[PDB]
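K.L.:
Build the 3D model from these lines:
(10 chains)
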Amino acid sequence: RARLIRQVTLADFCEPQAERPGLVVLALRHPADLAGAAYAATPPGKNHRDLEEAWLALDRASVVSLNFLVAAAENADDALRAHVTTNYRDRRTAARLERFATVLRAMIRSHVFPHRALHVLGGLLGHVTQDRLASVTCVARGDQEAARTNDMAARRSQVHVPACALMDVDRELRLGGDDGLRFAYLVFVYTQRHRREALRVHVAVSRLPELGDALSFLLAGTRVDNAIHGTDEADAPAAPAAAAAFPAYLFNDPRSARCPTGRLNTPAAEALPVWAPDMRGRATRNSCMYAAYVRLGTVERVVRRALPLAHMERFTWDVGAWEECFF
Amino acid sequence: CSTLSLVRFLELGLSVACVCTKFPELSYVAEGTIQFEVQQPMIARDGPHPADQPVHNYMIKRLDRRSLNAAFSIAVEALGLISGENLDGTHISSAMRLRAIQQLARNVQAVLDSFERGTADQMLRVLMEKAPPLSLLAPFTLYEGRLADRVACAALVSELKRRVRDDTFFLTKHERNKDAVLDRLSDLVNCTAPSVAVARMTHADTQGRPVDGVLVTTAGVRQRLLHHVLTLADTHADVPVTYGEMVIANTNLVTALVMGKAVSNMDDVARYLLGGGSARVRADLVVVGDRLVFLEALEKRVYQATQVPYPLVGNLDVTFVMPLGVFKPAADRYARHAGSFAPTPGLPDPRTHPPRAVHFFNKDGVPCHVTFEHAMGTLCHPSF
Amino acid sequence: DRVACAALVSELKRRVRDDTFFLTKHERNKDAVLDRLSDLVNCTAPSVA
Amino acid sequence: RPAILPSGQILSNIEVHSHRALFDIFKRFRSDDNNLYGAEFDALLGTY
Amino acid sequence: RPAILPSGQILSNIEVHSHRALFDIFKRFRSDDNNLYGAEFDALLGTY
Amino acid sequence: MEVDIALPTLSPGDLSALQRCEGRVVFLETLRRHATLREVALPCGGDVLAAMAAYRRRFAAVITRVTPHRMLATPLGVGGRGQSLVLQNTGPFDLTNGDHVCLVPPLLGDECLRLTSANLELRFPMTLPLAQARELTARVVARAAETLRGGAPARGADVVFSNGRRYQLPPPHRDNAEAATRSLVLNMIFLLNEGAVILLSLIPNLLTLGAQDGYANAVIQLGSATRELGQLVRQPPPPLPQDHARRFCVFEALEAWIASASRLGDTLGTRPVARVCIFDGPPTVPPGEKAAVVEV
Amino acid sequence: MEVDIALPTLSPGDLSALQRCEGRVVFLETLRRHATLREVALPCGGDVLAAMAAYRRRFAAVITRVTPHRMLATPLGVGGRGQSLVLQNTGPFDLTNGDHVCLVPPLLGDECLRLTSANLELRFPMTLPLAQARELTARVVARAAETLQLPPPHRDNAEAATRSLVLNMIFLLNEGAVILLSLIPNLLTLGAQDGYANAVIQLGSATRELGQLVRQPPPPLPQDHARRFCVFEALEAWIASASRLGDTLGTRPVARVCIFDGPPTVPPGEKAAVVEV
Amino acid sequence: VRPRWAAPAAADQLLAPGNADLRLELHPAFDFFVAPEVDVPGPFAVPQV
Amino acid sequence: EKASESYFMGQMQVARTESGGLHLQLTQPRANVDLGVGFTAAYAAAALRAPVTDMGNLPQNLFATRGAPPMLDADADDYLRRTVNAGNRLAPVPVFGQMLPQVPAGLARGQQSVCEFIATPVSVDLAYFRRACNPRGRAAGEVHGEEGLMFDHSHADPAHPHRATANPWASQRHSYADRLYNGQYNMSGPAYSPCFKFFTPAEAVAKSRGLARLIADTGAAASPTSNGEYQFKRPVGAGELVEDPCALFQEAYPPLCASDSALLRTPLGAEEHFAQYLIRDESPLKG
Amino acid sequence: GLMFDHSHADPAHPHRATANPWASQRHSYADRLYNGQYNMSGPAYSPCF
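P.N.:
Numbers count the residues shown, from 1 in each chain, chains lettered A, B, ... in the order given. Please see the structure below:
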């Protein structure tokens, strides 16, 4: 059998009566520490309190359904926007979606990436709701349909993913392979251009155990235009001094100026060459971050069928750790 | 094929060194004790100094935990056939099932037997660790009652320092004498004091008085003993065949369940407070001093054709010391005879110079020396 | 292990060159001959019955 | 440690956590803790 | 807290102070300690 | 596969303290159904690097119920179907629902049981969520490093948040933080510097490219296909005859660096050992209180 | 799930040799329930670097039974972490209890159960403990970096290894990393008053050769040295990288050894229980 | 560096299992040494062949 | 003796598990307790078999230890390491992960022991090495002498009341030899130090309340060393039974040694010729 | 690997590595005369073969 998680929370982002069971839910970090870590994390030149403001503009609420998050990104098919807007019961919902979009766009600008703010839980199956207070229940290991929903029309369930975001890889990369058991990865796509940036979401399946080079080639344009426009707003100095050239000719020189340890404060040792490695404004790793992914589980089949959707087949929940994709 | 030489524990001579009782509730008992009480005798002095009362004392000794185990792995293909699941209807699958079940029986046979040799080994492991050497023990029982002032303790250690280096190997450095061996064995059998009396032992010779102890050795020592110095007494002995028993019931039960303790002889204490099979086994005896002891060598009956080392081959540890470059004083360099190791005529005599190396013998006798330049590992280090 | 085979061969080397002839080197120790023969007889092991 | 045979029953129920003062030792486990089912005694075997 | 019925008698006497390192805890007394007489118990007088 | 531990009886009072640690983890040696308490013990004042390296050659196991006779443990590595089990959180800050825990030695000020009756000590490793631990290690190391160069000894920003409350990161001198962590900071800073030096020695002109148009272009070309700007690694000068006292073969140094870096990266944990799946309870477990967990 | 590998008809000269391969691992490409033997097969030995790069792109499988028709297998890790199985060792170093094992392509070749009837050959990878597999990968990748019991590289894929390595190294250089780079002499002087401090530094350290040859000036204060602090960020980045540097060149440890009763150390060529990770 | 031939090696420390002289001392009538792969006698400046 | 041990056998129980197969793992808890006041067993160690360890020589190499502040000039100690590790076994070769002595090939006899060296002034008397002696000179130990004897020097030596010590470089607290072979000075290594049990008072916590405790302790003390091809240090938990009367006396025995090969010849004869000396053997091994 | 290497000391007198540099190394002088696979065999019997 499979084991579950129950987390009482607010009916803010995941609204378990509006959707039927079988869709992945995410856990949202407490925003206080995000706002704090920004103060030290936003790069030089940029704003260092804009995430504070972006959060304050959206006023515990802990979960967020992927069905909701995918809408508040660049990539989305407007049918799903219309569904989320007109099918969610809740007041003021479209405004909240707009504010959440602004929040995530601030998150990437402040170099505190949302993948460090959204751990992933399993697919919800049950809920009891008071007035604007819910208690969702999702699987965490094992296969989905080992559960037992209190619908009584369909005791078991499946896993539903918005087909607008599901990006297949193998048939995409043309591996010539034959569909057997394939993994499932939820991937994020960052893009960094100051005041003009966005986030793209996808759900990727393939046989590839190690994404790496696969995404590095898949998202080539993103990495390209992100490495060059990413260092912007950082004052780089003038042309680098010739002293910056780290001297290599001097390693296996038999005759050269030398200095034993224990006489290094200010002795008659000034004859050593000077070398000033000077790195101020170049592309750091967080500057070239473009994607992040995390393993979800294993899958047999994907069929498309209805608002467009994508029913999984024998999903086995096995959540992994996050991963960076910068090189 | 090959059989399996079964062995039981009660038939061994070693059983007379321990009282075995089944206690099926041991897995429940926290730390258990036993209480002694001894009362030293006293003698009446006289004269000025005042007399002394007779002394009493109590004491307890607590238990300790040990256990045994033995793996029993059975296979895949065979567990399919045993349970009848993988069984097919043929005249060939049945035979393979018969084979697998014979394997399982021939396996559990060996596994269950191991719990006898287990105790046979455990007893030696226990006795061997609580017994002090004879050398360090004979003079200690010679200075009893006197180890109060420092001078007696000093003489005692000055005699230990000799005993340990003079009598730590007999019947290898004395293969010409016969009575020295016998005297050492009598000393060994008499240095020990009898323990408490229990009527469940009844370990007796075929004719008369009961036995007193064991003598476990190696086969080599037993062979060198049973042909020159010791004479067999008999070849059979009557031993008990039933274990002991200790169960909690009907008075210890209530106490262990509500209070938290349960004495063993509880029923006797109760009825006092309110008004209220010898087998014949083939062992080898011997008489030494004035006692009758078992004389065993368990290297063949048990421990044979397995992968454990016989626990009676001990390990002596000596630390040698030798001086390297000491130069004797002036008045002590002198030739015992004017015709010395005279060197070659015409060359200077290298026997007068300060030495710088020592020579000694290896394990077999090949010479191997040590010189200063072996000390570079020590005298050449920042630690200096 | 290595440490056991070491002592084993170091003892074989010593046994071969001390006891490779009896009845011609020890005719006095009449006991020693009987001991050697008993060692010889018991050193082997019985075969199938 | 807990009892085996109750002697007499109590007549009136009352909230107990309110009247903590009247007692000396107090212990209120939620339901069915582990310490109840441990019958681990200790006892001397022989006296000599 | 001494014993009432010894299970078995010791066979041999031996100077016991010098061998004190064999026991775990022990105590001698000169003669006729006063503690070992007055024994007081502890009784719970009802369960409810 | 549940192991029990013989317990040499200590005393009253102390056994209560041993009963209080009914939720922590202990590192066995081998999977045998018996073990002595003397075996699972570490001098509670010890080197953090060596302890973190030893945590790999052992098996984790959590202390279930204890009795004056023995205490029962359950290993985490091997297991059937990953059954549930209870765990006492003992880090400095709480851990939420639905994340991964990691086992690190008591990096900050230490707590250790001192069983004075049995004369042995115990160390119970901290239980940290993954990212917070990977960042706390860097925090303590960076503070020690800033101290090392004798610069500004304080910046008022050695603080870590977790679910609102601000944590203080106790001062780095309490038990032996100036001695039981020196090994770690040394072994990390040194390797970092060595990697940087090797890279710069293989590509001498890296830090003389365009401040914004050359370095980025080189990195993007390197990440992309095989252009590589020729042998971007210029041919290093030829070495000495390997008896000259100043021989330096750069490639063997790179080899040693790869090996040491891999080894150091593996002896840091950061591979989850469990995952909190609490259910029917307060969704956020504070320090010191047990929390339902399923092994990974 | 139990992968089923079907067999063609075989001569008794090699069926009995295949029977002896009961605890070795093979590399499928897709996890269908059925698969023919011809599919799961690798060419004869060549380019240990390329092969080691190929093990990453496929998930392993260990075999258990070999019948005259059918040969089972078990997909190593796709959803399980406690499926205790047995696999035999074939690496030179004997692996002891406690440590993990990683799969490494074979050296020198010569390990090929060349089947003539089926006209194919298999190369089962050897199994080494982690501590030594890391070192082997280090040696091979360094040797590949040299070309701008030992087979030579191929200059077509060695560049890919060099690229991965140089990327993982380049992204260590941070404006905080220079601050650490500034105290090399302050580190050497510390590696003198004590013993352990000197012990942690290697002999051909490739840094002591620098701290005694070049002086560097005080570092330039970075932009906004009041709001944020850089050393912490650089160190966190380096931890994140080094935690995953070993696998990116070799292979993650696939299983750790656990034995309940047998002797701790198991010699080469002998089966030993295991649990996967 | 110092040439091995000029500076005498040692008396005992020649036969230690570490030095690089046993590797070239294996005949009582000949000598072996490393030398530049040129012809003798050659030009004045020793090439780096 | 007729009844030396009470011995209680519990009830067997089977623990089942999965491992290709099904591992049934029996067990049986059992306990014992001595029940005789005074000693109830004794052994004699009659014969003698071959020495399990070699009795040759092996200079201990300190370069495997850490805790000694290295010298300033790196060239100096690099030259040191290059000139001491040359041709010296148990040199810490930098084999991966351990930097430990490499596995030798071929074994002459049992595991070769290790030797130490202790500085000592040349004017030390030689008659101090004929009988059993203590490498320190202060023969303190424990069996003869109360606390405060090991390091005090205002109280004459017990074994030679004439002089205070016999080696000032190895007896004072914090002396030279002490800083190398003591317990609480963190200068231990992987190799076994045969003199570790002569310069260590750390048993002050373990004060003795009876000679019988010391008698029983010897003949049953766990083995400190290992069983590999050398004498490596072994974790104390594992252990093995071994007897040693040296730990009771803190004394050593002089073997048959002499200062020139010419004196160890079958017509032994004279024991002091010239500057050269000979020392008869006085050990438990006269044969 | 013990017969010909000279990094591991003599397993009989471990002080040194070999007691005769002219009869131990591979292709040494004394080796080219009485080795089995080197083909200098005559009619006479060779004790040290």
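
K.L.:
check contacts around the residue in the stretch 51-200 of chain A that chain I sits nearest to.
P.N.:
Distance from chain I to each residue of the stretch 51-200 of chain A (CB to the nearest CB) is smallest for residue A:142, at 19.2 Å. Just so you know, the C-beta spots here come from the backbone N, C-alpha and C atoms, and that holds for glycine as well. Under the criterion of CB atoms under 8 Å, 6 or more residues apart in numbering or on different chains, the contact list for residue A:142 reads A:1-3, A:316-317.

K.L.:
In chain F, which residue sits nearest chain J?
P.N.:
Residue of chain F nearest chain J, by CB to the nearest CB: residue F:242 (16.8 Å).

K.L.:
Tell me which residue is most central in chain B.
P.N.:
Compute the mean C-alpha point of chain B, and by CA atoms, centre = their mean the closest residue is residue B:128, 1.8 Å away.

K.L.:
That one reaches residue B:312, doesn't it?
P.N.:
Yes. With contact taken as CB atoms under 8 Å, residue B:128 and residue B:312 are classed as touching, separated by 7.4 Å.

K.L.:
The chain: helices as residue ranges?
P.N.:
I went with chain A, as the question did not name one. A:31-41, A:50-56, A:66-69, A:78-87, A:93-109, A:170-173, A:213-218, A:220-228, A:285-288 (DSSP state H).

K.L.:
Sorry, I should have been clearer: chain F.
P.N.:
With DSSP H as the criterion, chain F has helices spanning F:14-20, F:48-54, F:130-148, F:182-202, F:215-223, F:250-266.

K.L.:
Any idea how far apart the tips of stretch D:24-41 sit?
P.N.:
End-to-end distance for stretch D:24-41, by CA to CA, to the nearest Å: 26 Å.

K.L.:
Identify each buried residue in it, please.
P.N.:
By 16 or more other CB atoms under 10 Å in any protein chain shown, the buried positions in stretch D:24-41 come out as residue D:41.

K.L.:
distance between it and the chain's centre?
P.N.:
Shown here is stretch D:24-41, whose average C-alpha point lies 7 Å from the average C-alpha point of the whole chain (CA atoms, centre = their mean, to the nearest Å).

K.L.:
for stretch B:174-189, same thing?
P.N.:
Average the C-alpha atoms of stretch B:174-189, do the same for its chain, and the two points are 20 Å apart (CA atoms, centre = their mean).

K.L.:
what residues does that stretch touch?
P.N.:
Stretch B:174-189 is touched from outside by B:134, B:138, B:167, B:170-171, B:213, B:225, B:228-229, B:288-289, B:291, B:293, I:42-44, with contacts defined as CB under 8 Å, 6+ apart.

K.L.:
how about a cut-off of 6 Å?
P.N.:
By CB atoms under 6 Å, 6 or more residues apart in numbering or on different chains, the surrounding residues in contact with stretch B:174-189 are B:134, B:170-171, B:229, B:288-289, B:291, I:42, I:44.

K.L.:
still on that earlier bit, show me which of the contacts of residue A:142 is closest to residue B:84.
P.N.:
Within the contacts of residue A:142, distances to residue B:84 taken as CB to CB reach their minimum at residue A:1, with 27.9 Å.

K.L.:
Against residue A:139, how distant is the closest one?
P.N.:
Distance check for residue A:1 against residue A:139: by CB to CB, to the nearest Å, it reads 10 Å.

K.L.:
State the distance from residue B:288 to residue B:178.
P.N.:
Between residue B:288 and residue B:178 the computed distance is 14 Å (CB to CB).

K.L.:
what do you get for residue I:234?
P.N.:
Counting by CB to CB, the gap between residue I:234 and residue B:178 amounts to 43 Å.

K.L.:
Could you check which of those two is surrounded by more residues?
P.N.:
residue I:234 (17 against 12; other CB atoms under 10 Å in any protein chain shown).

K.L.:
Just give the closest residue to that one, not the sequence neighbours.
P.N.:
Sequence neighbours aside, residue I:226 is the residue nearest to residue I:234 in space, at 4.2 Å (criterion: CB to CB, 6 or more residues apart in numbering or on different chains).

K.L.:
now do residue A:118
P.N.:
Among residues not flanking residue A:118 along the chain, residue A:26 sits closest, at 4.8 Å (CB to CB, 6+ apart).

K.L.:
bridging residues for the one you found?
P.N.:
In this entry, residue A:26 is beta-bridged to residue A:64, residue A:120, by DSSP bridges.

K.L.:
For chain A, what lies in contact range of chain I?
P.N.:
A:260, A:262 (CB under 6 Å from any CB of the partner chain).

K.L.:
Quick check, the residue in chain A closest to chain E?
P.N.:
residue A:6 (39.4 Å).

K.L.:
Just give me the neighbour total for that residue.
P.N.:
17.

K.L.:
Verify the stated contact: it with residue F:279.
P.N.:
Yes. Counting by CB atoms under 6 Å, residue A:6 sits close enough to residue F:279 to count as a contact (5.2 Å).

K.L.:
Extract the C-alpha set from stretch B:247-261 and format it as PDB.
P.N.:
Output of stretch B:247-261 as PDB, limited to C-alpha atoms (Å, rounded to 0.1, in the frame of the first residue of the first chain):
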ATOM      1  CA  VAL B 247      10.100 -21.700  37.100                       C
ATOM      2  CA  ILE B 248       8.000 -18.900  38.600                       C
ATOM      3  CA  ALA B 249       4.500 -20.000  39.700                       C
ATOM      4  CA  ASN B 250       1.800 -19.300  42.200                       C
ATOM      5  CA  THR B 251       3.900 -17.300  44.700                       C
ATOM      6  CA  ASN B 252       6.700 -15.700  42.700                       C
ATOM      7  CA  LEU B 253       4.100 -14.800  40.100                       C
ATOM      8  CA  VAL B 254       2.100 -12.400  42.200                       C
ATOM      9  CA  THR B 255       5.300 -10.800  43.500                       C
ATOM     10  CA  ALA B 256       7.000 -10.400  40.200                       C
ATOM     11  CA  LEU B 257       3.800  -9.000  38.700                       C
ATOM     12  CA  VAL B 258       2.900  -6.400  41.400                       C
ATOM     13  CA  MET B 259       6.100  -5.600  43.300                       C
ATOM     14  CA  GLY B 260       8.900  -6.300  40.800                       C
ATOM     15  CA  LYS B 261      11.000  -9.000  42.400                       C
END
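
K.L.:
Pretty sure residue A:203 sits against residue A:161.
P.N.:
Yes. Here residue A:203 lies in contact with residue A:161, judged by CB under 6 Å, at a distance of 5.2 Å.

K.L.:
Now do the helices in chain D.
P.N.:
Counting by DSSP H, chain D contains no helices.

K.L.:
Up against chain E, what does it have?
P.N.:
By CB under 6 Å from any CB, the residues of chain D that approach chain E are D:3, D:6-8, D:10, D:46-48.

K.L.:
Go through those residues and name the one nearest residue A:122.
P.N.:
Proximity of those to residue A:122 (CB to CB) peaks at residue D:3, which lies at 46.2 Å.

K.L.:
Phi, psi for that closest one please.
P.N.:
The phi/psi pair for residue D:3 (degrees, to the nearest 10) reads phi -70, psi 170.

K.L.:
that older thread, compare residue A:1 and residue A:139 (neighbour count), which wins?
P.N.:
Here residue A:1 and residue A:139 are set side by side on neighbour count (other CB under 10 Å), and the busier one is residue A:139, at 26 against 10.

K.L.:
beta partners for the more buried one?
P.N.:
Under the criterion used here (DSSP bridges), residue A:139 is bridged to residue A:4.

K.L.:
That one against residue A:317, yeah?
P.N.:
Yes. The pair residue A:139 and residue A:317 qualifies as a contact (CB under 6 Å) at a distance of 5.3 Å.
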